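I have placed the structure first, in the form of structure tokens, so that the comments after it can refer back to it.
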Amino acid sequence: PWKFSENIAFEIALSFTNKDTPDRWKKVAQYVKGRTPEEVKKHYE
Amino acid sequence: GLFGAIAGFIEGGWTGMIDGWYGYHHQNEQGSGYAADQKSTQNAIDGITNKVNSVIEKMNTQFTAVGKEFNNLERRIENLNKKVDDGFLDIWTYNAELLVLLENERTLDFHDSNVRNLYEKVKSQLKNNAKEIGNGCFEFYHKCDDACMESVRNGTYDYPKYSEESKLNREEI
Amino acid sequence: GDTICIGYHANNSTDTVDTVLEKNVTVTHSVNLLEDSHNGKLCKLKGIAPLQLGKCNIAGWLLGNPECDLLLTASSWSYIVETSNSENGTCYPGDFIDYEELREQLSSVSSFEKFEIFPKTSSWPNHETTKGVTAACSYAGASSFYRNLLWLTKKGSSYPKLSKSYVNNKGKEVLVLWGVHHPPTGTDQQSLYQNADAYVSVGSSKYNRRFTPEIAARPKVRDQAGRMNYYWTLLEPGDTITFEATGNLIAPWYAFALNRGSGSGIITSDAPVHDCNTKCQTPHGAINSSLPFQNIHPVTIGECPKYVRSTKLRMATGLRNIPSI
Ligand SMILES: *[C@@H]1O[C@H](CO)[C@@H](O[C@@H]2O[C@H](CO)[C@@H](O[C@@H]3O[C@H](CO)[C@@H](O)[C@H](O)[C@@H]3O)[C@H](O)[C@H]2NC(C)=O)[C@H](O)[C@H]1NC(C)=O
């Protein structure tokens, strides 16, 4: 399950993540509500 | 501005906080930098996507709509047919355009409220301890480490602890 | 002293929305709600190709105009396509009665099984089945006629009264087509049907009609002074349709047992057909989008974004943005 609105909480949170990744990287996942750090993980391509 | 806290008494934001929508620039003995607020940011996101979700949830997708054929003696019902088609388009074009102009302005000063809202969640956590020079700035009378400073951002505290440190600093200048 | 300030986000984003008070307003974050993009191709829906009528239109297809012979094997389709290039018609001039309604009918049809309703060989021992061609429908240099209809004529000096019935055992609607012929002159009546005054009668549980030929000198269309009217009916399951004539009957030859399904239609476009699959189709091309709106085409097949007249639909999400000197 992936929705237009969830591809809304996602890309704003990928503006919060870096090209040399400055994080344990769930700094995207806490903003997704919903689907997991798991379900978030694969979804970056 | 609406709530006054963007393009505001704070006339600019900070390029260098990449971590979220809102946060705190703090400076002290140790050193300076940005730390985002992951509370009011996750509040605003989940609220805003939910706004974006809601308009589209009020959109059933289009299902199959194809043109109709009429002969040369059916002109009137053909024009009737055109009229219904144009009419429904004019309305949906209106509703879509207008709504986006409307809700954008309501989104902009949604954020303007949320900066103002966090500013006073601090000022009300501060009281005696500091001064307001404006532009977001609360200058601490009493000394603060990072930890004490992570404590305003935490919201956790106790107020009198740094009180006596602060109070006699207010006088001689 | 020690200073803690409070403040908000900023970015390099050049993205720009509109609001009611202010326009050109630059924000950290956007969405576009409007789709400008298609693949320029007519594609499948649900594994199934559209039916490309090519140079033929629906009448040409159903009557079996000799130019349409590529279509004869077509059975299933997801939706029907005509081009700016389809003239291929009723090749003998005349009226096709309730044409637009038949098209409207066809749009609820997913597939059919064509079948020979009155086989050419068996059906008409007392009439001529082989003389039924005309220069107005010409294939491969020669006079010819529709594939799905049979033009009956006198056998020798005799056109005896004919009566033919068909009972529908298909368990579905059967589309039966036929025609009535009006020659230019009594000589032509006599040369063709041998009987000076004549009738075609057609009836069913729905249908009751008696046609009498109208013999007139007419302006010439595709060289014919005569005219041919085409008719149709949907013969319900179990029903009988009975034809009787003393002449002038262009008899059914082939007919169609229909299968209904929703979410199809008939579109017009010059786009090429490809092996692509899509959830949404327009005459300009196919859309794959999660977007709520589209500026592409008003006409749609399948599940689509809504159409509007908008060039620009853009919605703010993040804060506005400072250039910071
Ligand atoms: C299938 O479709 C095409 C239409 O694209 C038919 O072709 C056209 O047929 C008519 C025959 O009368 C032609 O028009 C004639 O033009 C001549 C002069 O060129 C004129 O003297 C006649 O009065 C008439 O206007 C037309 O030019 C021709 N065009 C093409 C593309 O060849 C064709 O007959 C159709 N076949 C059947 C079986 O319906």
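FYI, nothing fancy with the structure tokens labels: chains A, B, ... in order, residues from 1 per chain, ligands from 1 as they appear.
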- Query: What residues in chain C have any atom no more than 7 Å from chain B when counting only C-alpha atoms, and can you write them as number ranges by chain?
  - Reply: C: 1-11, 18-20, 100, 263-267, 292, 299-306, 308-310, 313, 315-317, 319-320, 322, 324
- Query: How would you write, as a PyMOL selection string, the set of residues no farther than 12 Å from ligand 1 when counting only C-alpha atoms and all ligand atoms?
  - Reply: chain C and resi 54-57+59-61+63-69+83-93+133-147+219-224
Write the residues of the preceding selection, restricted to C-alpha atoms, as an mmCIF file, in the first residue's frame.
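The result, stored in part14.cif:
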data_model
loop_
_atom_site.group_PDB
_atom_site.id
_atom_site.type_symbol
_atom_site.label_atom_id
_atom_site.label_comp_id
_atom_site.auth_asym_id
_atom_site.auth_seq_id
_atom_site.Cartn_x
_atom_site.Cartn_y
_atom_site.Cartn_z
ATOM 1 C CA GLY C 54 -8.713 1.634 -39.506
ATOM 2 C CA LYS C 55 -10.148 2.927 -42.778
ATOM 3 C CA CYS C 56 -13.552 1.463 -41.856
ATOM 4 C CA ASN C 57 -16.330 2.736 -39.623
ATOM 5 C CA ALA C 59 -21.283 0.308 -40.320
ATOM 6 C CA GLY C 60 -18.570 -0.912 -42.680
ATOM 7 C CA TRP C 61 -17.395 -3.266 -39.950
ATOM 8 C CA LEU C 63 -22.196 -5.044 -42.688
ATOM 9 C CA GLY C 64 -18.812 -6.324 -43.838
ATOM 10 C CA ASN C 65 -17.839 -3.750 -46.505
ATOM 11 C CA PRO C 66 -15.290 -5.483 -48.810
ATOM 12 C CA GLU C 67 -12.597 -2.988 -47.761
ATOM 13 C CA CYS C 68 -12.849 -4.073 -44.090
ATOM 14 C CA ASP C 69 -11.909 -7.726 -44.552
ATOM 15 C CA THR C 83 -9.643 7.345 -37.399
ATOM 16 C CA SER C 84 -9.987 10.577 -39.351
ATOM 17 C CA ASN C 85 -9.489 8.179 -42.245
ATOM 18 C CA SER C 86 -12.597 6.024 -41.962
ATOM 19 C CA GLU C 87 -14.926 6.585 -44.851
ATOM 20 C CA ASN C 88 -15.417 2.967 -45.457
ATOM 21 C CA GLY C 89 -19.088 2.845 -45.302
ATOM 22 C CA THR C 90 -22.249 1.634 -46.570
ATOM 23 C CA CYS C 91 -20.766 1.296 -50.039
ATOM 24 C CA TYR C 92 -24.203 1.143 -51.651
ATOM 25 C CA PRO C 93 -25.952 4.434 -50.997
ATOM 26 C CA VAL C 133 -22.878 -7.891 -56.494
ATOM 27 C CA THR C 134 -22.720 -4.231 -57.561
ATOM 28 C CA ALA C 135 -20.063 -1.801 -58.839
ATOM 29 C CA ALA C 136 -20.763 0.440 -55.866
ATOM 30 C CA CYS C 137 -18.945 -2.058 -53.671
ATOM 31 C CA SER C 138 -15.913 -3.171 -55.566
ATOM 32 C CA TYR C 139 -13.147 -5.369 -54.431
ATOM 33 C CA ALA C 140 -10.046 -6.268 -56.413
ATOM 34 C CA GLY C 141 -11.232 -4.636 -59.642
ATOM 35 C CA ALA C 142 -14.552 -6.466 -59.624
ATOM 36 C CA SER C 143 -18.154 -5.849 -58.608
ATOM 37 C CA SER C 144 -18.889 -7.246 -55.138
ATOM 38 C CA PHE C 145 -21.024 -6.765 -52.008
ATOM 39 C CA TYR C 146 -21.146 -6.786 -48.219
ATOM 40 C CA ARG C 147 -19.678 -9.838 -46.510
ATOM 41 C CA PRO C 219 -29.265 11.839 -57.976
ATOM 42 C CA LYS C 220 -26.383 9.357 -58.384
ATOM 43 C CA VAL C 221 -24.218 8.412 -55.411
ATOM 44 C CA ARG C 222 -21.315 6.083 -56.258
ATOM 45 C CA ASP C 223 -23.035 5.768 -59.686
ATOM 46 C CA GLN C 224 -26.280 4.324 -58.258
#
- Query: Taking only C-alpha atoms into account, which residues of chain A are within 10 Å of chain B, as a ChimeraX atom specification?
  - Reply: /A:3-10,12-18,22,27-28,30-34
- Query: How many Å separate atom CA of residue 101 of chain C from atom CA of residue 260 of chain C?
  - Reply: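 Answer for the atom CA of residue 101 of chain C to atom CA of residue 260 of chain C separation: 15.4 Å.
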- Task: Determine the nearest neighbour of residue 282 of chain C from the options C:114, C:191, C:72, C:38, counting only C-alpha atoms.
- Result: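 Checking each of C:114, C:191, C:72, C:38 against residue 282 of chain C, counting only C-alpha atoms, the winner is C:38.
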- Query: If you count only C-alpha atoms, which residues fall within 12 Å of residue 164 of chain B, apart from same-chain ones fewer than 3 positions away, as a list in words?
  - Reply: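 Contacts, in chain order: residues 128, 129, 141, 142, 143, 159, 160, 161, 167, 168, 169 and 170 of chain B.
With the cut-off set to 10 Å and only C-alpha atoms counted, chain C residues close to chain A are residues 11, 28, 29, 30, 31, 289, 290, 291, 292, 317 and 318 of chain C.
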Dump N, CA, C and O atoms for the selected residues as a PDB file, in the first residue's frame?
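Listing of again_10.pdb after writing:
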ATOM      1  N   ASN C  11      15.136  26.764   1.908  1.00  0.00           N
ATOM      2  CA  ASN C  11      15.730  25.932   0.870  1.00  0.00           C
ATOM      3  C   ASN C  11      16.090  26.691  -0.402  1.00  0.00           C
ATOM      4  O   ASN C  11      15.865  27.897  -0.523  1.00  0.00           O
ATOM      5  N   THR C  28       9.214  25.958   0.086  1.00  0.00           N
ATOM      6  CA  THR C  28      10.197  24.895   0.297  1.00  0.00           C
ATOM      7  C   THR C  28       9.773  23.585  -0.355  1.00  0.00           C
ATOM      8  O   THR C  28      10.620  22.760  -0.737  1.00  0.00           O
ATOM      9  N   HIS C  29       8.453  23.408  -0.451  1.00  0.00           N
ATOM     10  CA  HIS C  29       7.823  22.146  -0.854  1.00  0.00           C
ATOM     11  C   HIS C  29       6.516  22.340  -1.632  1.00  0.00           C
ATOM     12  O   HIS C  29       5.701  23.210  -1.313  1.00  0.00           O
ATOM     13  N   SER C  30       6.317  21.492  -2.633  1.00  0.00           N
ATOM     14  CA  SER C  30       5.185  21.614  -3.536  1.00  0.00           C
ATOM     15  C   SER C  30       4.609  20.246  -3.851  1.00  0.00           C
ATOM     16  O   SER C  30       5.211  19.216  -3.539  1.00  0.00           O
ATOM     17  N   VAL C  31       3.420  20.253  -4.445  1.00  0.00           N
ATOM     18  CA  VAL C  31       2.981  19.144  -5.269  1.00  0.00           C
ATOM     19  C   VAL C  31       2.347  19.713  -6.513  1.00  0.00           C
ATOM     20  O   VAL C  31       1.724  20.778  -6.483  1.00  0.00           O
ATOM     21  N   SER C 289      -0.687   7.767 -13.895  1.00  0.00           N
ATOM     22  CA  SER C 289      -0.483   8.882 -12.969  1.00  0.00           C
ATOM     23  C   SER C 289      -1.227   8.637 -11.664  1.00  0.00           C
ATOM     24  O   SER C 289      -2.319   8.068 -11.665  1.00  0.00           O
ATOM     25  N   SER C 290      -0.663   9.094 -10.551  1.00  0.00           N
ATOM     26  CA  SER C 290      -1.379   9.042  -9.279  1.00  0.00           C
ATOM     27  C   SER C 290      -2.073  10.386  -9.024  1.00  0.00           C
ATOM     28  O   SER C 290      -2.782  10.558  -8.032  1.00  0.00           O
ATOM     29  N   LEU C 291      -1.881  11.318  -9.953  1.00  0.00           N
ATOM     30  CA  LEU C 291      -2.430  12.662  -9.852  1.00  0.00           C
ATOM     31  C   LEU C 291      -3.964  12.695  -9.995  1.00  0.00           C
ATOM     32  O   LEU C 291      -4.535  11.910 -10.750  1.00  0.00           O
ATOM     33  N   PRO C 292      -4.639  13.583  -9.234  1.00  0.00           N
ATOM     34  CA  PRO C 292      -6.095  13.807  -9.258  1.00  0.00           C
ATOM     35  C   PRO C 292      -6.610  14.509 -10.513  1.00  0.00           C
ATOM     36  O   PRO C 292      -7.788  14.375 -10.829  1.00  0.00           O
ATOM     37  N   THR C 317       2.846  22.906   0.407  1.00  0.00           N
ATOM     38  CA  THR C 317       2.977  22.001   1.550  1.00  0.00           C
ATOM     39  C   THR C 317       3.912  22.598   2.625  1.00  0.00           C
ATOM     40  O   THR C 317       3.496  22.845   3.760  1.00  0.00           O
ATOM     41  N   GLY C 318       5.174  22.825   2.266  1.00  0.00           N
ATOM     42  CA  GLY C 318       6.112  23.458   3.180  1.00  0.00           C
ATOM     43  C   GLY C 318       5.885  24.951   3.400  1.00  0.00           C
ATOM     44  O   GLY C 318       4.913  25.534   2.921  1.00  0.00           O
TER      45      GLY C 318
END
- Query: Leaving out residue 186 of chain C and any residue of its chain fewer than 5 positions from it, which residues lie within 10 Å of it when counting only C-alpha atoms, given as a PyMOL selection string?
  - Reply: chain C and resi 191-192+194-197+215-216
- To one decimal in Å, tell me the separation between atom CA of residue 173 of chain C and atom CA of residue 80 of chain C.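 If I compute the distance from atom CA of residue 173 of chain C to atom CA of residue 80 of chain C, I get 19.5 Å.
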- Task: Could you jot down the atom CA of residue 124 of chain B to atom CA of residue 35 of chain B separation for me, Å, one decimal place?
- Result: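 Separating atom CA of residue 124 of chain B from atom CA of residue 35 of chain B is a distance of 19.8 Å.
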- Could you give me, as a ChimeraX atom specification, each residue of chain A that DSSP assigns to helix (DSSP H, G or I) when run on this structure's backbone? /A:6-13,29-31,37-44
Take the residues from that selection and put them in a file with C-alpha atoms, as an mmCIF file, in the first residue's frame.
data_model
loop_
_atom_site.group_PDB
_atom_site.id
_atom_site.type_symbol
_atom_site.label_atom_id
_atom_site.label_comp_id
_atom_site.auth_asym_id
_atom_site.auth_seq_id
_atom_site.Cartn_x
_atom_site.Cartn_y
_atom_site.Cartn_z
ATOM 1 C CA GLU A 6 2.194 9.061 1.694
ATOM 2 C CA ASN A 7 4.463 10.070 -1.187
ATOM 3 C CA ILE A 8 3.813 13.453 0.466
ATOM 4 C CA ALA A 9 5.133 12.716 4.036
ATOM 5 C CA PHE A 10 7.963 10.813 2.276
ATOM 6 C CA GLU A 11 9.676 13.335 -0.043
ATOM 7 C CA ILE A 12 9.532 16.164 2.468
ATOM 8 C CA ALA A 13 11.406 13.845 4.836
ATOM 9 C CA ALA A 29 10.500 7.108 8.999
ATOM 10 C CA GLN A 30 9.245 9.075 12.056
ATOM 11 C CA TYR A 31 7.512 11.472 9.647
ATOM 12 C CA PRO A 37 10.855 2.023 8.804
ATOM 13 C CA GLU A 38 10.723 -1.362 7.085
ATOM 14 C CA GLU A 39 8.129 -0.318 4.463
ATOM 15 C CA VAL A 40 9.984 3.005 4.057
ATOM 16 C CA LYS A 41 13.335 1.318 3.523
ATOM 17 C CA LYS A 42 12.975 -0.301 0.070
ATOM 18 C CA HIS A 43 10.977 2.605 -1.256
ATOM 19 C CA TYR A 44 13.915 4.928 -1.990
#
All strand (DSSP E or B) residues (DSSP, backbone) inside segment 66-145 of chain B, as a PDB file with C-alpha atoms, in the first residue's frame:
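In the end it all went to part_23.pdb:
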ATOM      1  CA  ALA B 130      15.976  35.776  29.722  1.00  0.00           C
ATOM      2  CA  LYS B 131      15.159  38.801  27.573  1.00  0.00           C
ATOM      3  CA  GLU B 132      13.471  39.252  24.202  1.00  0.00           C
ATOM      4  CA  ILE B 133      15.501  41.350  21.755  1.00  0.00           C
ATOM      5  CA  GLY B 134      13.062  40.222  19.079  1.00  0.00           C
ATOM      6  CA  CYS B 137      16.018  35.719  20.284  1.00  0.00           C
ATOM      7  CA  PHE B 138      15.872  34.894  24.002  1.00  0.00           C
ATOM      8  CA  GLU B 139      19.179  35.905  25.637  1.00  0.00           C
ATOM      9  CA  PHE B 140      19.882  33.926  28.828  1.00  0.00           C
TER      10      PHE B 140
END
- Message: I'd like the neighbourhood of residue 117 of chain C as number ranges by chain, where a residue qualifies if any of its atoms comes within 9 Å (using only C-alpha atoms), though same-chain residues fewer than 2 positions away should be ignored.
- Response: C: 115, 119, 166, 176, 252-256
- Counting only C-alpha atoms, what is within 12 Å of residue 284 of chain C, bar same-chain residues fewer than 4 positions away, as a PyMOL selection string? chain C and resi 36-43+267-273+280+295-301
Segment 154-156 of chain B: which residues within 8 Å, counting only C-alpha atoms, same-chain residues fewer than 3 positions away excluded, as an mmCIF file with N, CA, C and O atoms, in the first residue's frame?
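This went into part_27.cif:
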data_model
loop_
_atom_site.group_PDB
_atom_site.id
_atom_site.type_symbol
_atom_site.label_atom_id
_atom_site.label_comp_id
_atom_site.auth_asym_id
_atom_site.auth_seq_id
_atom_site.Cartn_x
_atom_site.Cartn_y
_atom_site.Cartn_z
ATOM 1 N N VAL B 122 8.322 28.437 24.531
ATOM 2 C CA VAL B 122 9.623 28.752 25.134
ATOM 3 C C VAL B 122 9.549 29.947 26.102
ATOM 4 O O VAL B 122 9.925 29.827 27.265
ATOM 5 N N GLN B 125 8.137 29.071 29.034
ATOM 6 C CA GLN B 125 8.995 28.153 29.778
ATOM 7 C C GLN B 125 10.177 28.916 30.382
ATOM 8 O O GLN B 125 10.932 28.374 31.194
ATOM 9 N N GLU B 150 19.065 21.737 25.820
ATOM 10 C CA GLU B 150 18.245 20.653 25.271
ATOM 11 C C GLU B 150 16.948 20.486 26.093
ATOM 12 O O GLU B 150 15.911 20.091 25.553
ATOM 13 N N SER B 151 17.004 20.887 27.367
ATOM 14 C CA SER B 151 15.839 20.922 28.267
ATOM 15 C C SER B 151 14.686 21.900 27.920
ATOM 16 O O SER B 151 13.535 21.581 28.196
#
